[PDB]
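so I've got this experimental structure, pasted below with the sequence.
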Amino acid sequence: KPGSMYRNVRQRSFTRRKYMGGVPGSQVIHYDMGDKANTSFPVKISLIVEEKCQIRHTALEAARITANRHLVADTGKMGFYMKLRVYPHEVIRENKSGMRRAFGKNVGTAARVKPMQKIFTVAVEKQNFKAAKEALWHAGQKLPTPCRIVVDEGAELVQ
Amino acid sequence: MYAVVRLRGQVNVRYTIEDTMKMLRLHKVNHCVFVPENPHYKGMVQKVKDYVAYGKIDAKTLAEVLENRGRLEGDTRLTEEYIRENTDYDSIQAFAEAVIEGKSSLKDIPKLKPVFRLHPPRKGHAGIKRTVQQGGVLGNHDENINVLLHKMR
Amino acid sequence: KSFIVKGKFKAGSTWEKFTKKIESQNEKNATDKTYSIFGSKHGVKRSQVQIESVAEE
Amino acid sequence: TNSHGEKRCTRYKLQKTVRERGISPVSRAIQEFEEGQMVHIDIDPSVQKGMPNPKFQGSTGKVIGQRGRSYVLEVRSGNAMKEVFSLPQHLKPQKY
RNA sequence: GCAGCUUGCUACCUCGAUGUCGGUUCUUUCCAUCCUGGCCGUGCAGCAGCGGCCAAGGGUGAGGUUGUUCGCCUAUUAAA
RNA sequence: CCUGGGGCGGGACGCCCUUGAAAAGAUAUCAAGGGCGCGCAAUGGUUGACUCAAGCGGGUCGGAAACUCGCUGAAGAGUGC
RNA sequence: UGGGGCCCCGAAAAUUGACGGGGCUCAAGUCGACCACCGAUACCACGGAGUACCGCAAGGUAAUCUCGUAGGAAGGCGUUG
RNA sequence: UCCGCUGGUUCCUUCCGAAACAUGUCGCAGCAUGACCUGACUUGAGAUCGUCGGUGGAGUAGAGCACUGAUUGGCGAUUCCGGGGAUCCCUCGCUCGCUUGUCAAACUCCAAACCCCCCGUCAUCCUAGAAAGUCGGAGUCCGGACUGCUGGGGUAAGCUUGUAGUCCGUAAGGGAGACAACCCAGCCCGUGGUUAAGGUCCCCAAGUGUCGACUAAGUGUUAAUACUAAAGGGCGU
RNA sequence: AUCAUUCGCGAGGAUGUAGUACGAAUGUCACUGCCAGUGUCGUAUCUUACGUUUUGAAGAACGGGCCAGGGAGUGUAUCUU
């Protein structure tokens, strides 16, 4: 089931779970990675999508896994903080006869994100900026939208 | 004094915009009307901004338009003799200066038509798919409406 | 016949400053060449180029 | 399927603002209108009696008579003239 | 993402009929190349493999079951 | 009869509410959420008197499962479905 | 290091074929502007026809009259008696 | 015989000119009634397709978490209701708040632009007859398309089903290679001129036009359109 | 048109010449013996028949080989206008 299926935004939101039935649970477990308690990380980069798309929970989990692995390998287990800002709120449904009564059954969840919306934010120290940037590029390679990294804090600390 | 000259025809126009055109008496392309500067006419011109070119006309351009293209009932051409016999002004230039200054009115010419059916613009205009601010001809020409009126004589 | 044209232009999503040095006949010619150069180099229309100043250098 | 009741699609039509729910100001219920006066129809959801159809909410009617407590109004609906009966609790005078 | 060679979806053309599957005969085309030609890597000593690139000039057969397409099996074969 | 051919399935075949429906009105689909084919001499009318849910503190094997006191409480209750 | 323009790789289909074709490289492509010209039955002018309304008539007005399927209305042509 | 089903139905000009929609129907290839077209008459002074200002309706977009529900950590407490191995000797998930991070067709403390009723105003039409009324004759209830509404549904569809405007249907002529509906334009006949869209190297009327740059790939030489290949990468420029 | 002056980086623009010479046409005077029309062919532009079913017809949707003739809203009763 390719991500190109539930990728384009052509429809209203579908999120009120009390009027639907049986949504499969999301695959994404954690939303905060690295050192969750510390907030005094000087450099703070983020990954913003540049198109209006829907990102499935499996794509979110894949990007989170790759970014977390890269960050843990490079900066260490507590050398970074990672926050996945968006939750999969939209309910993705599928039409499983033909086209009679084609209103689909709920098959998953997705986050409906807007252009320039932050998806992941990574806070690190000065010397770990390139490792965080490389990991976040790897994470963006798993998403169904073109992405760009932006520096939120520490611009003068990097250059 | 707004000068409003229609540059786009009636096919594929909303009925509201076309009725605004009819109320301004602009039924055909290259037809021009002169209206006062009140907010009513301002709103009508803003409504029809996408099918006309408009601006502030000066007395010289008004005089030339009146002389070359003003008509009377029965399709008679305005003349200085008619102007002097039916108005207190000596010449068409003085009458147009009075009209621009606001101390006279085109309705002060008996049997004169409110529509001036101008020639097509010599050497073309800027184009009817873009506005003045985009390099086209549609919309607000300000005082440069007189240039288009001069080339449409 | 050298001019310095300072301004800012929209490069996609972000505005960018510039202080270009231009060889031209006069100041308005330099402004026209600035607009043409930025249209060529970035595909931006003259509404997307804001020439703050032109000064003989 | 969709019904054809009077209260069709009245969820927000027959709502009150947050800080006007409850007993409405009673002054609006004892206001008298003259013949030919123009009055708006702004239905009060708390007054469950005398209420015209919500289709005429937001319309200006002309008072043409009185039928007890209620007023008879000539109201334009598309191209027809309707006689709408309304208690003054749902009515409101036009200000000139 | 590509193709439209599987199956679906749809109902735009054809119901004053465009003869329906498979095989046979004959011609042609594509390359995403099975062999044949030229290359590169190799955890390539040689023999022989594995992976990839170019290349459509030629070849790509004979048989048992089954209407079969497909598939299974047999013995040849550079490959079938 | 409807029907993304027909059939099977179903009834969107009568009535009522929300969304769809694009802040007047109207608006389709085998569109989404659904409900109704009833119950009640009181579960009805009127008058009087009161104020609910839920928390906090006090009160005896009356246990953090009762009842009662005080404080908060525009309603988070109740109003048959 | 970031943000941009154009181009390249990614990029494989079946008769010989499609920027319309030829062809075109400081362009005959793209981007930002500009100049002149060509080019309708549009618009202007003249003449003419019909139409609508008015007018006893003569005639007057028409920028606000002149496309048209289903279809309505009016006036005419033709055949035989 | 009958059929709601198929085929045909013969001269000219002139004036006007639709609907492919709603409800009911053993209704769904039909019909009735209404909307829409046309003709005539009566009546006799207003009407509103447009503007501007004002009195009113907003609950859509957007925004937001104040309600209803979702939703992510950090921090502080519920000495409460509860998961773990006799003084319930001590471990602690939910629950309730202060901060972070996200949401909603069927949420709203907020809240547009359109739009709608009414009042005034200008504007247009109107005694050569407004609005209104009465009557005669119908056609029509297979529609389709483009541009928006992220319209709904759908993986999508030159798919299906809505809505506003405009078109084809019933629309010439000019231009896009051809093009029902894309651009100009609505078109009585003849002549002359100037333009619109689009184009100006040849085919083909007019530029081998000007200025400033880019492209080396024959990339491109393709307004819209379903007739135009993506993610990713490039010390190509 | 040509030329003069001026502006513009440039292609070109503006002013004057010039609303001039010309110009649809309307009259008039000479000259001429053809013209209109018809058949066929050529050059230039345009057009994929007709009727029908159709949202959409040049259709690879239906109908006609051709020509002549025949070939389709009529009467009674009743109602309305």
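Sure, I can see it. Numbering: from 1, shown residues only, chains lettered A, B, ... in the order given.

for the closest residue to RNA strand I within chain B, which non-adjacent residue is spatially closest?
At 6.6 Å from RNA strand I, residue B:153 is the closest residue in chain B, using Cβ to the nearest atom of the strand. (C-beta placed from N, C-alpha, C; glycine too.) Excluding the flanking residues, the one nearest residue B:153 by Cβ to Cβ, 6 or more residues apart in numbering or on different chains is residue B:68, at 5.3 Å.

for the one you found, give its distance to residue B:5.
In this view, residue B:68 and residue B:5 are 14 Å apart by Cβ to Cβ, to the nearest Å.

repeat that for residue C:46.
When residue C:46 is compared with residue B:5 (using Cβ to Cβ), they lie 27 Å apart.

the two: which is more packed in?
residue B:5 (25 against 16; other Cβ atoms under 10 Å in any protein chain shown).

what strand or helix carries the more buried one?
Taking DSSP states H and E as the definition, one finds residue B:5 inside strand B:2-6.

over to residue B:84?
helix B:80-86.

is stretch D:59-66 up against RNA strand H anywhere?
Yes - under the criterion of Cβ under 7 Å from any atom of the strand, RNA strand H is reached by stretch D:59-66 at D:59-62.

residue D:61 touches residue D:36, doesn't it?
No - using Cβ atoms under 8 Å as the test, residue D:61 is too far from residue D:36 to be in contact (11.2 Å).

what's the neighbour count on residue B:83?
Using other Cβ under 10 Å: residue B:83 sits among 21 other residues.

and the residue nearest to it when sequence neighbours are not counted, what is it in contact with?
The shortest distance from residue B:83 to any non-neighbouring residue, by Cβ to Cβ, 6+ apart, is to residue B:92 (5.3 Å). Applying Cβ atoms under 8 Å, 6 or more residues apart in numbering or on different chains, we find residue B:92 in contact with B:63, B:66-67, B:78, B:80, B:83.

residue B:3 now?
With Cβ under 8 Å, 6+ apart, residue B:3 has these contacts: B:32-34, B:54-57, B:61-62, B:145-146, B:149.

most surrounded residue in those?
Ranking the contacts of residue B:3 using other Cβ under 10 Å puts residue B:54 first, with 28 neighbours.

sheet-wise, list the partners of the helix or strand harbouring it with their directions.
Here residue B:54, judged by DSSP H and E, is contained in strand B:52-56. Under the criterion DSSP bridges, strand B:52-56 sits next to strand B:2-6 (antiparallel), strand B:139-140 (parallel) in its sheet.

so which of those is nearest residue A:85?
strand B:139-140 (44.2 Å; Cβ to Cβ).

is the next helix or strand after that closest one positioned near RNA strand H?
Next helix or strand after strand B:139-140 toward the C-terminus (DSSP H and E): helix B:145-151. No - using Cβ under 7 Å from any atom of the strand, helix B:145-151 never reaches RNA strand H; the gap is at least 8.9 Å.
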